[PDB]
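J.: Generate a structure from the sequence data that follows.
(one chain, ligands or ions: 3)
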Amino acid sequence: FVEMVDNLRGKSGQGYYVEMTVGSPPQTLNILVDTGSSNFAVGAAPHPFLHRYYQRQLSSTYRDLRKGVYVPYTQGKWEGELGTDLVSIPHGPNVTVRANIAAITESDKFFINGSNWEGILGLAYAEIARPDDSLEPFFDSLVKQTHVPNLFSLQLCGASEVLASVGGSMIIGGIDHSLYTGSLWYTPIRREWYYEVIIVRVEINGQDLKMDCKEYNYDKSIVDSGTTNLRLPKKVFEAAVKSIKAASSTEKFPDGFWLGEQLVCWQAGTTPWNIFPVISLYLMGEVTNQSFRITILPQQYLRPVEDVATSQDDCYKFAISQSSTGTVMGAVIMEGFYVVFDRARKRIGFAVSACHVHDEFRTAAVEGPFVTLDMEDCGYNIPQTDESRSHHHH
Ligand SMILES: CC(C)Oc1cc(CN2CC[C@@]3(C[C@@H]2C)CN(C)S(=O)(=O)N3c2cccc(F)c2)ccc1O
Ligand SMILES: [Zn+2]
Ligand SMILES: [Zn+2]
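T.: Residues are numbered from 1 along each chain as shown. Ligands and ions are numbered 1, 2, ... in the order given. See below for the structure:
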């Protein structure tokens, strides 16, 4: 696993990427590591924001699948052509595999200017692959074609003219013990589509939010390396902000700050970290009635942004935001921990990162067990659409 350490890079808030090669001879591309999606897709046509792209005509091993795919989202979209080719991760397992590749021909608000990545590695399950679940995801192909164990783990690490560079590790096929401290605690994967989990309790500075736990998972809770923020459902978001405004009340920040639309600054190094509370998310444990907590510091949720106008100040963005599609445990959550995607055992492990950002008074934590009696089911059941229902599953 030594050779996979530090195999991720990126710019702050622009996702983490790993180097990959596609085709024969190998074409090198930087690929966004996304546990929030399930397609392996690469820019395969010139784009203002792409320095380079996949040129299928240049690969002797490319096989066109003679099928197009259309992938829209709320904030962006891409369309492309399906095919297969030889794919490798140079700073990954010492194997080359034949995987599906979506060759992105048209896109809108998908690629980011200066992010230095040209494709996406969707690490989630076939259920959410486009156009449907018969398009085998990359990781499934990797495990099927090689002896690579059905597990990967992510260690996402910290951050004038440019955004800060971030570093990290994607350990394919195992757990690297030098990447964490203390115990690895596991939460069950609720269902294999997104990496769906269940949050049972939420505390802000040791104070319970006092909400029906179903609210925490309305309409789902997922672990997403492709999202920067800790995203919370509307009602949960409102309660966390009121709680966070309460603890930091000595500072009257504008409304733009709480919406993540404005930065707040202090004199260089005078950040009053102590007025901001810790946030603990209790995750369902492997044992009924048991849970563990992951505690995040304000250093995780107040993202540094270098003001070119005021370089003599430390400025921050609020990186907790409102969601209408459930909780998203993005980079804000992941950066404090070593996160184990144990597909083989259908569970996600969390441990304190060997690289987490902390002060001399508090530390990001992973602690357990915690118990509850006669505990209700915190999981939400998404209303079944007739379209979804009509699908056959052969
Ligand atoms: C690194 C980040 C800053 O940027 C990107 C992150 C991702 C990964 N992943 C983010 C969440 C996703 C789906 C997408 C696959 C789902 N959401 C509801 S979304 O907001 O619609 N969204 C999204 C967000 C932006 C563009 C877009 F096409 C979709 C992909 C492309 C990015 O540029
Ligand atoms: Zn049928
Ligand atoms: Zn099917």
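
J.: for the residue in the stretch 1-150 of the chain that ligand 1 sits nearest to, what are its contacts?
T.: Residue of the stretch 1-150 of the chain nearest ligand 1, by Cβ to the nearest ligand atom: residue 76 (2.5 Å). No exception for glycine: its C-beta is placed from N, CA and C like everyone else's. Contact analysis of residue 76 by Cβ atoms under 8 Å, 6 or more residues apart in numbering lists 107, 108, 109, 110.

J.: Turn those into CSV, including neighbour count, secondary structure and distance to residue 212.
T.: Listed next are the contacts of residue 76 as CSV, based on neighbours: other Cβ atoms under 10 Å; DSSP: H, G, I helix; E, B strand; the rest coil; distance: Cβ to Cβ, whole Å:
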residue, neighbour count, secondary structure, distance to residue 212
107, 19, strand, 40
108, 12, strand, 38
109, 11, coil, 35
110, 20, coil, 36
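
J.: could those residues go into CSV alongside distance to residue 234?
T.: Below are these laid out as CSV (distance: Cβ to Cβ, whole Å):
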residue, distance to residue 234
107, 29
108, 27
109, 23
110, 26
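
J.: about what we covered before: next one: the closest residue to the residue of the stretch 1-150 of the chain closest to ligand 1 other than its chain neighbours from residue 40, what distance?
T.: Closest residue in space to residue 76, ignoring its immediate chain neighbours: residue 109 at 3.5 Å, by Cβ to Cβ, 6 or more residues apart in numbering. Distance, residue 109 to residue 40, by Cβ to Cβ, to the nearest Å: 20 Å.

J.: host element of the nearest residue to residue 126 once chain neighbours are set aside?
T.: The shortest distance from residue 126 to any non-neighbouring residue, by Cβ to Cβ, 6+ apart, is to residue 133 (4.4 Å). Assessed by DSSP states H and E, residue 133 sits outside every helix and strand.

J.: Count the neighbours of residue 133 for me.
T.: 16 (other Cβ atoms under 10 Å).

J.: same question, residue 250
T.: Neighbours of residue 250 using other Cβ under 10 Å come to 7.

J.: do the same with residue 182
T.: 11.

J.: and the residue nearest to residue 76, what is it in contact with?
T.: Residue 109 neighbours (Cβ under 8 Å, 6+ apart): 75, 76, 77.

J.: I'd like those as a markdown table, with secondary structure and distance to residue 262 appended.
T.: A markdown table is the format used below for the contacts of residue 109 (DSSP: H, G, I helix; E, B strand; the rest coil; distance: Cβ to Cβ, whole Å):
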| residue | secondary structure | distance to residue 262 |
| --- | --- | --- |
| 75 | coil | 20 |
| 76 | coil | 23 |
| 77 | strand | 28 |
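
J.: and of those residues, the nearest to residue 237?
T.: For the contacts of residue 109, the residue nearest residue 237 by Cβ to Cβ is residue 75; the value is 17.7 Å.

J.: Next, work out how far apart the closest one and residue 224 are.
T.: 13 Å.

J.: Check residue 186 too.
T.: Distance, residue 186 to residue 224, by Cβ to Cβ: 18 Å.

J.: try residue 320
T.: 14 Å.

J.: Contact residues of the stretch 201-350 of the chain facing ligand 1?
T.: 226, 227, 228, 325 (Cβ under 6 Å from any ligand atom).

J.: Which of the residues you listed sits closest to residue 374?
T.: Looking across these and measuring by Cβ to Cβ, the closest to residue 374 is residue 325, at 30.1 Å.

J.: which one is that closest one nearest to, not counting chain neighbours?
T.: Here the residue nearest residue 325, using Cβ to Cβ, 6+ apart, is residue 219, at 6.5 Å.

J.: can you check residue 56 too?
T.: Per Cβ to Cβ, 6+ apart, closest to residue 56 is residue 62, 4.9 Å.

J.: From what I see, that neighbour and residue 84 are in contact.
T.: Yes - in terms of Cβ atoms under 8 Å, residue 62 counts as a neighbour of residue 84; the distance is 7.4 Å.

J.: Which one's more surrounded, these two?
T.: Neighbours per residue, other Cβ under 10 Å: of residue 62 and residue 84, the larger number sits with residue 62, 19 against 16.

J.: need the contact list for that one.
T.: Contact partners of residue 62, counting by Cβ under 8 Å, 6+ apart, are 23, 56, 83, 84, 85.

J.: please redo it, this time with the cut-off set to 10 Å
T.: Residues counted as contacts of residue 62 (Cβ atoms under 10 Å, 6 or more residues apart in numbering) are 22, 23, 24, 54, 55, 56, 83, 84, 85, 86, 101, 103.

J.: What of residue 17?
T.: So residue 17 contacts 7-11, 29-34, 115-121, 166, 168, 170 (Cβ under 10 Å, 6+ apart).

J.: which ones among those are found in strands?
T.: 8-11, 29-34, 119-121, 166, 168, 170 (DSSP state E).

J.: hmm, back to that, neighbours around the residue nearest to residue 325, how many?
T.: 15.

J.: and if you look at residue 354?
T.: 15.

J.: Report the two of the contacts of residue 76 separated the most.
T.: Farthest apart among the contacts of residue 76 - using Cβ to Cβ - are 107 and 109, which lie 7.7 Å from each other.

J.: so what sits against both of those two?
T.: The contact sets of residue 107 and residue 109 overlap at 76, 77, 78 (Cβ under 10 Å, 6+ apart).
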